[PDB]
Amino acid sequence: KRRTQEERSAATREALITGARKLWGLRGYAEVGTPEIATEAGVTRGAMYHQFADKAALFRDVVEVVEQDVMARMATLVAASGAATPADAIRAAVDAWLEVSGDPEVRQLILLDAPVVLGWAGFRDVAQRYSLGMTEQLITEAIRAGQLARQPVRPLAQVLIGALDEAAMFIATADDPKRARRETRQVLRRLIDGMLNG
């Protein structure tokens, strides 16, 4: 039955993404091959290849589910902060990015593996796809509330995403990441407090 195989193939796709996220999150992309991931998912190499043409193609789908969870957790952390003004929402969002990007799995897959496997253009495209809307919305609300000078929203959003992604990559490869994270949080908080009217 075609339907049976198609349901099992959809299940196989989920099992492979779950399996690869777990093993690559622990050991890194370079240290785990597709045969080990197929065994972990409990599926044949033939079923795996039917879903993902090669190792990089499975890695792209892992990045998507991780980035989905990163954005959901940033939104959850911002809501949990109880920020009462757009300026406080921005302060909470900056703190939320340093907390989420400090998760060892996000560090390994997004900050260390993804720039290498996706390349610069591919990494930029993913970061923008997931974060540009949230960032533009925070900026737009701050401007509407009179807490931020009216200025071009998309360019400010892109530049701030670049600053924050470079901050997280610096923390990811620091000799002392705990110190790097605390010092980065201080310079970002000073910069935001210099820019915001509130």
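For clarity, a rigid core is taken as the largest C-alpha set superposing within 1.5 Å between two forms. Residue numbers here begin at 1 and follow the sequence given.
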Q) Rigid core superposed, root mean square over structures and residues, which stretch has C-alphas farther from this form in 8 other deposited structures of this protein, 15-23 or 186-194? A) 186-194
**Q.** Greatest C-alpha divergence in 8 other deposited structures of this protein once each structure is fitted on the rigid core, 105-113 or 121-129
**A.** 121-129
Q. With respect to the recorded C-alpha B factors, which stretch has the higher mean value, 117-125 or 72-80?
A. 117-125
Q. Can you tell me which stretch has the higher mean Cα B-factor, 55-63 or 28-36?
A. 28-36
Q) When you compare the CA B-factors of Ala47, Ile139, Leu132, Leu164 as listed in the entry, which one comes out on top? A) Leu132
Q: Would you mind checking where the Cα B-factor of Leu156 ranks among the modelled residues of its chain, as the lowest, middle or highest third?
A: middle
(Q) Taking only the Cα B-factors deposited for this chain, tell me whether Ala15 sits in the lowest, middle or highest third. (A) lowest
Q) For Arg182, does the deposited CA B-factor place it in the lowest, middle or highest third of the chain? A) highest
Q. Taking the entry's C-alpha B-factors for this chain, is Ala149 in the lowest, middle or highest third?
A. highest
Q) With respect to C-alpha B-factor, does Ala41 fall in the lowest, middle or highest third of the chain as deposited? A) highest
